[PDB]
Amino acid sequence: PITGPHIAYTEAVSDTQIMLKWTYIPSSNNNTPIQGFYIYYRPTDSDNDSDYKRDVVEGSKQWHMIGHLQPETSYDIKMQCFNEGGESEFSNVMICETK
């Protein structure tokens, strides 16, 4: 894939969880099969691009709940879609605090 997803919104649902919802239009990559999405998150206090943790989600989903986060902590959040060939560009990068 050469088009990445776009993050529509991020919202904390608890002290340890953040909901994110994205859009991805299959035809933007000629309808190439996408196997899933990678969702990246790291504490906003880090500017180390190596400090992103990753969740893997299936290709049908347009939202995800990130969990096991720290209370009252800001996170940088971005994502890619992927397939057997490889990965997209990163999305926009949202900042979102847990409760």
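Note that residue numbering begins at 1 and tracks the sequence as displayed.
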Entry-level comparison of average CA B-factors, 39 to 47 and 26 to 34, reporting the higher stretch = 26 to 34
ask   = Considering only modelled residues of the same chain, in which third does the CA B-factor of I2 rank: lowest, middle or highest?
value = highest
Modelled-residue ranking by C-alpha temperature factor, third containing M65 = middle
inquiry  = Where does the C-alpha B-factor of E89 rank in its chain, lowest, middle or highest third?
reply    = middle
